[PDB]
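Q: Sharing protein_33.txt, compact mmCIF, N, CA and C atoms:
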# COMPACT_ATOMS: atom_id res chain seq x y z
N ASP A 1 17.87 -3.93 -0.55
CA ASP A 1 18.76 -2.88 0.05
C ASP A 1 17.89 -1.75 0.60
N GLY A 2 17.20 -1.03 -0.30
CA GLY A 2 16.30 0.04 0.08
C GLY A 2 15.00 -0.51 0.68
N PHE A 3 14.37 -1.43 -0.07
CA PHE A 3 13.17 -2.16 0.35
C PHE A 3 12.01 -1.17 0.47
N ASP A 4 11.72 -0.47 -0.64
CA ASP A 4 10.58 0.42 -0.78
C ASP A 4 9.48 -0.33 -1.53
N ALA A 5 9.09 -1.49 -0.98
CA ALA A 5 8.25 -2.47 -1.66
C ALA A 5 6.80 -2.35 -1.20
N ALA A 6 6.59 -2.50 0.12
CA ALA A 6 5.27 -2.42 0.73
C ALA A 6 4.77 -0.97 0.77
N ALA A 7 5.69 -0.01 0.98
CA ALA A 7 5.36 1.41 1.07
C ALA A 7 4.68 1.91 -0.21
N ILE A 8 5.25 1.56 -1.37
CA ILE A 8 4.65 1.88 -2.66
C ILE A 8 3.60 0.83 -3.04
N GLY A 9 3.75 -0.41 -2.53
CA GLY A 9 2.80 -1.50 -2.74
C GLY A 9 1.38 -1.18 -2.24
N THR A 10 1.27 -0.40 -1.15
CA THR A 10 0.00 0.13 -0.69
C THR A 10 -0.43 1.31 -1.57
N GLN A 11 0.50 2.26 -1.81
CA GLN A 11 0.29 3.42 -2.68
C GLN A 11 -0.40 3.01 -3.98
N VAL A 12 0.10 1.95 -4.62
CA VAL A 12 -0.47 1.46 -5.88
C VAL A 12 -1.88 0.93 -5.65
N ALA A 13 -2.09 0.13 -4.59
CA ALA A 13 -3.39 -0.45 -4.28
C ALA A 13 -4.46 0.62 -4.01
N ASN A 14 -4.05 1.74 -3.40
CA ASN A 14 -4.95 2.83 -3.04
C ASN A 14 -5.43 3.63 -4.25
N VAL A 15 -4.68 3.60 -5.37
CA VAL A 15 -5.10 4.22 -6.62
C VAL A 15 -6.26 3.42 -7.24
N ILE A 16 -6.44 2.15 -6.83
CA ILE A 16 -7.21 1.17 -7.59
C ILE A 16 -8.27 0.44 -6.75
N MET A 17 -8.26 0.60 -5.42
CA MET A 17 -9.46 0.44 -4.61
C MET A 17 -10.36 1.68 -4.75
N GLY A 18 -9.76 2.86 -5.01
CA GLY A 18 -10.50 4.06 -5.40
C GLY A 18 -10.87 4.07 -6.89
N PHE A 19 -11.28 2.91 -7.40
CA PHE A 19 -11.66 2.68 -8.79
C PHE A 19 -12.97 1.89 -8.91
N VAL A 20 -13.41 1.23 -7.83
CA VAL A 20 -14.72 0.58 -7.74
C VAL A 20 -15.84 1.53 -8.17
N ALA A 21 -15.76 2.81 -7.75
CA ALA A 21 -16.76 3.83 -8.05
C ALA A 21 -17.22 3.79 -9.50
N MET A 22 -16.26 3.75 -10.43
CA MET A 22 -16.54 3.69 -11.85
C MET A 22 -17.33 2.41 -12.16
N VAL A 23 -16.92 1.27 -11.57
CA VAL A 23 -17.49 -0.04 -11.89
C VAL A 23 -18.93 -0.13 -11.36
N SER A 24 -19.19 0.52 -10.21
CA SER A 24 -20.53 0.67 -9.67
C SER A 24 -21.38 1.56 -10.58
N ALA A 25 -20.81 2.69 -11.03
CA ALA A 25 -21.52 3.65 -11.85
C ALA A 25 -21.94 3.01 -13.17
N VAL A 26 -21.00 2.35 -13.86
CA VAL A 26 -21.32 1.62 -15.08
C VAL A 26 -22.20 0.42 -14.74
N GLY A 27 -22.10 -0.07 -13.49
CA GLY A 27 -23.08 -1.00 -12.94
C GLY A 27 -24.52 -0.48 -13.05
N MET A 28 -24.82 0.62 -12.36
CA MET A 28 -26.14 1.24 -12.39
C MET A 28 -26.64 1.41 -13.83
N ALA A 29 -25.76 1.86 -14.73
CA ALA A 29 -26.12 2.08 -16.12
C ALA A 29 -26.08 0.78 -16.94
N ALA A 30 -25.88 -0.38 -16.30
CA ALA A 30 -26.29 -1.68 -16.84
C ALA A 30 -27.73 -2.01 -16.45
N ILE A 31 -28.07 -1.90 -15.15
CA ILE A 31 -29.30 -2.46 -14.60
C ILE A 31 -30.53 -1.75 -15.16
N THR A 32 -30.48 -0.41 -15.24
CA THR A 32 -31.57 0.37 -15.79
C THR A 32 -32.02 -0.27 -17.11
N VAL A 33 -31.04 -0.61 -17.97
CA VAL A 33 -31.30 -1.34 -19.20
C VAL A 33 -31.90 -2.70 -18.86
N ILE A 34 -31.25 -3.47 -17.97
CA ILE A 34 -31.61 -4.87 -17.77
C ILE A 34 -33.00 -5.00 -17.15
N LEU A 35 -33.33 -4.09 -16.24
CA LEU A 35 -34.70 -3.91 -15.78
C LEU A 35 -35.61 -3.60 -16.97
N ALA A 36 -35.26 -2.57 -17.75
CA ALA A 36 -36.14 -2.10 -18.81
C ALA A 36 -36.66 -3.27 -19.63
N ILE A 37 -35.74 -4.09 -20.15
CA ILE A 37 -36.10 -5.30 -20.86
C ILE A 37 -36.79 -6.29 -19.92
N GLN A 38 -36.18 -6.59 -18.77
CA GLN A 38 -36.65 -7.62 -17.85
C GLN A 38 -38.10 -7.36 -17.43
N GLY A 39 -38.36 -6.14 -16.96
CA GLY A 39 -39.68 -5.70 -16.55
C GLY A 39 -40.67 -5.70 -17.70
N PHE A 40 -40.16 -5.38 -18.89
CA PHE A 40 -40.96 -5.44 -20.10
C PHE A 40 -41.18 -6.89 -20.55
N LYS A 41 -40.21 -7.78 -20.29
CA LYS A 41 -40.34 -9.21 -20.54
C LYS A 41 -41.44 -9.80 -19.66
N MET A 42 -41.40 -9.48 -18.36
CA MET A 42 -42.38 -9.95 -17.39
C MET A 42 -43.78 -9.38 -17.66
N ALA A 43 -43.86 -8.27 -18.40
CA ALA A 43 -45.13 -7.69 -18.81
C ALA A 43 -45.95 -8.70 -19.61
N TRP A 44 -45.38 -9.18 -20.72
CA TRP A 44 -46.08 -10.13 -21.56
C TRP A 44 -46.07 -11.54 -20.96
N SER A 45 -45.10 -11.84 -20.06
CA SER A 45 -44.84 -13.20 -19.59
C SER A 45 -46.04 -13.80 -18.87
N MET A 46 -46.70 -13.01 -18.02
CA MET A 46 -47.90 -13.47 -17.31
C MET A 46 -49.00 -13.75 -18.34
N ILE A 47 -49.15 -12.81 -19.28
CA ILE A 47 -50.23 -12.81 -20.27
C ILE A 47 -49.87 -13.63 -21.51
N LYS A 48 -48.74 -14.35 -21.51
CA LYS A 48 -48.59 -15.57 -22.28
C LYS A 48 -49.46 -16.66 -21.65
N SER A 49 -49.23 -16.91 -20.35
CA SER A 49 -49.88 -17.98 -19.59
C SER A 49 -51.25 -17.57 -19.03
N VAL A 50 -51.81 -16.43 -19.48
CA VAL A 50 -53.19 -16.05 -19.19
C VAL A 50 -54.14 -17.13 -19.72
N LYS A 51 -53.99 -17.53 -21.00
CA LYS A 51 -54.71 -18.65 -21.61
C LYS A 51 -56.23 -18.45 -21.48
N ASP Z 1 -30.55 4.61 -10.82
CA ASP Z 1 -29.88 5.90 -11.17
C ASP Z 1 -30.87 6.81 -11.88
N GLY Z 2 -31.30 6.41 -13.09
CA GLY Z 2 -32.28 7.14 -13.87
C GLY Z 2 -33.68 6.97 -13.29
N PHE Z 3 -34.08 5.70 -13.09
CA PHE Z 3 -35.34 5.31 -12.46
C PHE Z 3 -36.50 5.74 -13.36
N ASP Z 4 -36.48 5.25 -14.61
CA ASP Z 4 -37.55 5.43 -15.58
C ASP Z 4 -38.39 4.15 -15.59
N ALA Z 5 -38.90 3.78 -14.41
CA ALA Z 5 -39.51 2.47 -14.16
C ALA Z 5 -41.03 2.58 -14.22
N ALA Z 6 -41.59 3.44 -13.36
CA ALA Z 6 -43.03 3.66 -13.28
C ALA Z 6 -43.54 4.45 -14.49
N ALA Z 7 -42.73 5.40 -14.98
CA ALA Z 7 -43.08 6.26 -16.11
C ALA Z 7 -43.39 5.43 -17.36
N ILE Z 8 -42.52 4.46 -17.67
CA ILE Z 8 -42.74 3.54 -18.78
C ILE Z 8 -43.64 2.37 -18.33
N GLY Z 9 -43.61 2.04 -17.02
CA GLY Z 9 -44.47 1.01 -16.43
C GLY Z 9 -45.97 1.27 -16.61
N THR Z 10 -46.38 2.54 -16.62
CA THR Z 10 -47.74 2.93 -16.97
C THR Z 10 -47.92 2.88 -18.49
N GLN Z 11 -46.97 3.47 -19.24
CA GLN Z 11 -46.95 3.47 -20.71
C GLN Z 11 -47.25 2.08 -21.25
N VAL Z 12 -46.58 1.05 -20.70
CA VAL Z 12 -46.77 -0.33 -21.14
C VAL Z 12 -48.18 -0.80 -20.81
N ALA Z 13 -48.67 -0.51 -19.59
CA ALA Z 13 -50.00 -0.93 -19.15
C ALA Z 13 -51.11 -0.32 -20.01
N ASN Z 14 -50.90 0.92 -20.48
CA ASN Z 14 -51.87 1.66 -21.28
C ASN Z 14 -52.01 1.10 -22.70
N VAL Z 15 -50.98 0.40 -23.21
CA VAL Z 15 -51.05 -0.27 -24.50
C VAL Z 15 -51.98 -1.48 -24.42
N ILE Z 16 -52.26 -1.98 -23.20
CA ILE Z 16 -52.77 -3.33 -22.98
C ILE Z 16 -54.01 -3.37 -22.08
N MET Z 17 -54.37 -2.26 -21.42
CA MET Z 17 -55.75 -2.01 -21.02
C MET Z 17 -56.59 -1.57 -22.22
N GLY Z 18 -55.96 -0.91 -23.22
CA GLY Z 18 -56.57 -0.66 -24.52
C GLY Z 18 -56.51 -1.87 -25.46
N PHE Z 19 -56.76 -3.06 -24.90
CA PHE Z 19 -56.74 -4.33 -25.59
C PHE Z 19 -57.95 -5.21 -25.24
N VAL Z 20 -58.67 -4.88 -24.15
CA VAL Z 20 -59.94 -5.50 -23.79
C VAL Z 20 -60.91 -5.50 -24.97
N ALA Z 21 -60.97 -4.40 -25.74
CA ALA Z 21 -61.86 -4.22 -26.88
C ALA Z 21 -61.90 -5.46 -27.77
N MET Z 22 -60.72 -5.97 -28.13
CA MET Z 22 -60.60 -7.17 -28.95
C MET Z 22 -61.25 -8.35 -28.25
N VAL Z 23 -61.01 -8.50 -26.93
CA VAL Z 23 -61.46 -9.67 -26.17
C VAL Z 23 -62.99 -9.64 -26.01
N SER Z 24 -63.56 -8.43 -25.90
CA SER Z 24 -65.00 -8.24 -25.91
C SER Z 24 -65.58 -8.57 -27.29
N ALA Z 25 -64.91 -8.10 -28.36
CA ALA Z 25 -65.38 -8.31 -29.72
C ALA Z 25 -65.41 -9.80 -30.05
N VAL Z 26 -64.31 -10.51 -29.77
CA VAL Z 26 -64.27 -11.96 -29.96
C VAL Z 26 -65.20 -12.63 -28.95
N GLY Z 27 -65.45 -11.95 -27.81
CA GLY Z 27 -66.53 -12.31 -26.90
C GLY Z 27 -67.88 -12.41 -27.61
N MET Z 28 -68.37 -11.28 -28.12
CA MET Z 28 -69.64 -11.23 -28.85
C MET Z 28 -69.73 -12.34 -29.91
N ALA Z 29 -68.64 -12.55 -30.65
CA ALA Z 29 -68.61 -13.56 -31.69
C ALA Z 29 -68.33 -14.96 -31.13
N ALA Z 30 -68.30 -15.13 -29.80
CA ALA Z 30 -68.53 -16.42 -29.16
C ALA Z 30 -70.02 -16.66 -28.89
N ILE Z 31 -70.70 -15.67 -28.27
CA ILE Z 31 -72.03 -15.87 -27.70
C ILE Z 31 -73.07 -16.14 -28.78
N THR Z 32 -73.01 -15.38 -29.89
CA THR Z 32 -73.92 -15.58 -31.01
C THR Z 32 -73.98 -17.07 -31.34
N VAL Z 33 -72.80 -17.70 -31.42
CA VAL Z 33 -72.70 -19.14 -31.60
C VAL Z 33 -73.35 -19.85 -30.41
N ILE Z 34 -72.96 -19.49 -29.18
CA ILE Z 34 -73.35 -20.27 -28.00
C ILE Z 34 -74.85 -20.19 -27.76
N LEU Z 35 -75.44 -19.02 -28.00
CA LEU Z 35 -76.88 -18.87 -28.09
C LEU Z 35 -77.43 -19.79 -29.18
N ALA Z 36 -76.90 -19.68 -30.40
CA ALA Z 36 -77.45 -20.40 -31.54
C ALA Z 36 -77.72 -21.86 -31.16
N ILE Z 37 -76.68 -22.54 -30.67
CA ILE Z 37 -76.81 -23.90 -30.18
C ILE Z 37 -77.72 -23.94 -28.96
N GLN Z 38 -77.45 -23.10 -27.94
CA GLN Z 38 -78.15 -23.14 -26.66
C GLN Z 38 -79.65 -22.99 -26.85
N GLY Z 39 -80.05 -21.94 -27.59
CA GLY Z 39 -81.44 -21.66 -27.91
C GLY Z 39 -82.07 -22.77 -28.74
N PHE Z 40 -81.26 -23.37 -29.61
CA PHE Z 40 -81.69 -24.50 -30.40
C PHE Z 40 -81.76 -25.78 -29.54
N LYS Z 41 -80.89 -25.90 -28.53
CA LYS Z 41 -80.93 -26.99 -27.55
C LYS Z 41 -82.23 -26.92 -26.75
N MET Z 42 -82.55 -25.72 -26.24
CA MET Z 42 -83.75 -25.48 -25.45
C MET Z 42 -85.03 -25.66 -26.28
N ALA Z 43 -84.92 -25.57 -27.61
CA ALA Z 43 -86.03 -25.82 -28.51
C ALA Z 43 -86.58 -27.23 -28.30
N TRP Z 44 -85.73 -28.24 -28.49
CA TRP Z 44 -86.16 -29.62 -28.33
C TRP Z 44 -86.29 -30.01 -26.85
N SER Z 45 -85.61 -29.29 -25.94
CA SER Z 45 -85.48 -29.69 -24.54
C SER Z 45 -86.82 -29.78 -23.83
N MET Z 46 -87.70 -28.80 -24.07
CA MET Z 46 -89.04 -28.81 -23.48
C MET Z 46 -89.81 -30.01 -24.03
N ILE Z 47 -89.71 -30.20 -25.35
CA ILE Z 47 -90.47 -31.19 -26.10
C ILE Z 47 -89.78 -32.56 -26.12
N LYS Z 48 -88.68 -32.73 -25.37
CA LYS Z 48 -88.31 -34.03 -24.82
C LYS Z 48 -89.31 -34.40 -23.73
N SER Z 49 -89.44 -33.51 -22.73
CA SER Z 49 -90.26 -33.72 -21.54
C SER Z 49 -91.74 -33.36 -21.75
N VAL Z 50 -92.17 -33.14 -23.01
CA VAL Z 50 -93.58 -33.00 -23.36
C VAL Z 50 -94.34 -34.28 -22.97
N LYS Z 51 -93.83 -35.46 -23.38
CA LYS Z 51 -94.34 -36.76 -22.95
C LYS Z 51 -95.84 -36.89 -23.28
Can you dump the structure from the file as structure tokens?

A:
Amino acid sequence: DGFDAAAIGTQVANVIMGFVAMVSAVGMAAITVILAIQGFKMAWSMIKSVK
Amino acid sequence: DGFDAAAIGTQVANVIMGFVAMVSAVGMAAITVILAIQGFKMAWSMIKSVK
């Protein structure tokens, strides 16, 4: 009857495409860790196979 | 984000450039042996070809 479906259907989507920011931010604060270990793993990794 | 990569990247390297000492020490305790045999090898070696 009214059909206020798509009008609010975009409104809702716009609240939550403007939410990637958080996932990227917590992203960055994953990698710093994953590098820290990874880069530290690769430190000894060569000098395992130094032999 | 933080980028604590090079700061700790040197820190790690400094633990392990301060590790040559051991390799030199076990070095010295190779050669004493290798001389012992080598010098003892050269002992008879001339007096093989004494003829």

Q: I'd like to know which residues of segment 1-30 of chain A are alpha helix (DSSP H) (by DSSP, run on the backbone); could you write them as a PyMOL selection string?

A: chain A and resi 6-17+20-30

Q: Against chain A, which residues of chain Z fall within 7 Å? For each one I want the closest pair of atoms and the distance in Å (one decimal), counting all atoms listed in the file, rows by chain and increasing residue number, as CSV.

A:
residue,atom,partner,partner_atom,distance
Z:1,N,A:28,CA,5.8
Z:2,N,A:32,CA,6.6
Z:3,N,A:32,CA,6.5

Q: Between atom CA of residue 26 of chain Z and atom CA of residue 45 of chain Z, what is the spacing in Å?

A: 28.2 Å

Q: Rounded to one decimal, what separation in Å do you get between atom C of residue 5 of chain Z and atom CA of residue 51 of chain A?

A: 26.3 Å

Q: What is the atom CA of residue 30 of chain A to atom CA of residue 47 of chain A distance in Å?

A: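 Computed distance, atom CA of residue 30 of chain A to atom CA of residue 47 of chain A, equals 26.6 Å.
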